[PDB]
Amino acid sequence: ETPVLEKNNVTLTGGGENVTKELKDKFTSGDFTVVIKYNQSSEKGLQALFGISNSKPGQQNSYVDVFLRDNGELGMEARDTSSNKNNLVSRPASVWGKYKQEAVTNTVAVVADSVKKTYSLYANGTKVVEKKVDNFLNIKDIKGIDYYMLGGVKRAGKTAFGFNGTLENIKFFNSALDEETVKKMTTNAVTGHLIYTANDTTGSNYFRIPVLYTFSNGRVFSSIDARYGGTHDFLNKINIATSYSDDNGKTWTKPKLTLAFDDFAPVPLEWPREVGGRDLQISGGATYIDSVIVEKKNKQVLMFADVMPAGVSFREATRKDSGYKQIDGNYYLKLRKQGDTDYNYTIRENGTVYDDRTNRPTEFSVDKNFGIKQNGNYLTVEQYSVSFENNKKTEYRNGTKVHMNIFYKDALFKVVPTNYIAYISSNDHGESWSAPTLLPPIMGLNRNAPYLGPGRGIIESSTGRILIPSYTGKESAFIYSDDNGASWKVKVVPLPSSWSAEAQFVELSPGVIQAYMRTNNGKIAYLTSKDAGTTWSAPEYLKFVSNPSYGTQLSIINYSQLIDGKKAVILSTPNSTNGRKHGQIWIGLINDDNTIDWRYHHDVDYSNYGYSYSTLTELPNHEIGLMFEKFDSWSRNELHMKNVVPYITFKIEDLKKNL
């Protein structure tokens, strides 16, 4: 399969290039594939990589193009004036703009297939959308096509949608190339910045909530939400997936599922993106969500995550019950047997299920992975699969038998429908992990657990206290251990309003820590402790970030090397009142009085490109690793997109910009 036209190194500044003689009437069947390796010199405006049109007066709605917007959206149009058919197919956040002050080379493609009546778009190895349209047009369907151009669309004798940049290579084919070919053709250096990808070894099409941490031995470790039924928080199925690098982030292991339930199979699902359809959710599998990592002094690694029973929504679930009882001064996880109204059972020593009415052991037990046994034998339930037949969502028992689990909707004994926190530990730096441990009811018996602030925890240097950031919706909850993580306590700090106070900590000097957090007022807040987290100041606010009221998670870390002779912190956050966009990395230098001089910043891409949750780590070579949601993860227009959580790196010199 060879192109009808191939051109190289065409640099343009808005004016385009006529290629009518080299394309006229070459699209014999009418189908097409166009593969464009380009970089933009300017992102501003609506720009067409190529345009095939009727250029005559009155025929300005007769064209085909592939376009780029200043927010990284890749799209195509196919329109015919006389039939009044107007097709637009696109996906937000498909391309990259700039990286470290240089234009990024992307490779994109469009495929139009008349037999299928589909338009497909590809960006950097990913098929970002394929859509079947009733009013499909191929090139032969559009009347009086007379003008074929690079970097523009000729409409009524004028160049519209002028491209600014270089078309490094452009190929036009007069047929619909197959998906695997086009994926391969669009694969490039950008593709290699995805650690997690759609339908990799996680089975998930979607990801959110990345976390990076560098261990004491030099291994760089990542965790992330693998979200199977679109990118919805709830209801969904979510697992925590992990991947690591032992060469300073150059190469990563194939992702593994590290915290996962198996009530629902971890399968690749094509979640709909249309208005209305995109609100679809599954009925809900048991869920792990929002991971937090810390390495202990002794090199053991902890990972925490929120746990939600299957079908339980974070909005509706009960705030007035911890899911525990206190009996003889011990905290036991309580259970309700199917058919009962009361919670008459507790999981006690060795996982034995007791009847609290009689205070005697039953035939039932629960193992350390929440699985239920009767007389020493596992009870089972049948796993669910989700599918699209057609195009309706179906959930069904799929023939796989899995252990019955107290978090499942089909369990004979069930936990309270509320949120919990679990942690697991590793003694080999992330290669293998213990069974989970649910946090005891540190908020009290009559309150739900807190929600974790995704990112890392810290070890405060003077006391060795371990601190894990969390929040309740009205308070900060700083979870801590003073015995190297054997037992856990909490400091609960009331907040000025109902902030989703996802926080991260830094240590300014021994005993002095600051908690940086999301608010509901548009600003980033920070609270200060001068006694290793025992007491906290009133909030203060960064002066230079102005976001929407809903806010976004942030990442802030200590950096080990001096910058301008000073101890430094590094912050990552969006900064825009218009959405989750305009990602910035800020360098803060610690002054002698423990205030911070926010001296430098670097915009991660152009300001209208998407930037939501993020995570920073210092690499062992003292470069900075960043993984982030390169899209607006709040927007209802950017839900359920594949391959949008990249990893990139910076040298400090890349970041020391602007002042």
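Numbers for residues come from their place in the sequence shown, where the first is 1. By rigid core we mean the largest C-alpha set that fits within 1.5 Å across both forms.
When the other structures are laid on the shown form by the rigid core, the stretch among 386-394 and 405-413 with the greater C-alpha deviation in 4 other deposited structures of this protein turns out to be 386-394. Larger average C-alpha displacement in 4 other deposited structures of this protein, relative to the shown form after a rigid core fit, is seen for 313-321 when comparing 225-233 with 313-321. Averaged over CA atoms, B-factors in the entry run higher in 526-534 than in the other of 526-534 and 282-290. Higher mean CA temperature factor between 516-524 and 343-351: 343-351, per the PDB entry. Between the residues 356, 263, 295, 113, the entry's highest C-alpha temperature factor is the one at 356.
The residue among 20, 635, 643, 13 whose C-alpha carries the highest B-factor in the deposited model is 13. When all modelled residues of the chain are sorted by CA temperature factor, residue 631 is found within the lowest third.
Annotation for residue 255: C-alpha temperature factor in the lowest third relative to the rest of the modelled chain, per the entry. In the deposited entry, the Cα temperature factor of residue 360 places it in the highest third of its chain's modelled residues. The deposited CA B-factor of residue 76 belongs to the lowest third of values across its chain. In this PDB entry, residue 585 carries a Cα temperature factor that places it within the lowest third of its chain's modelled residues.
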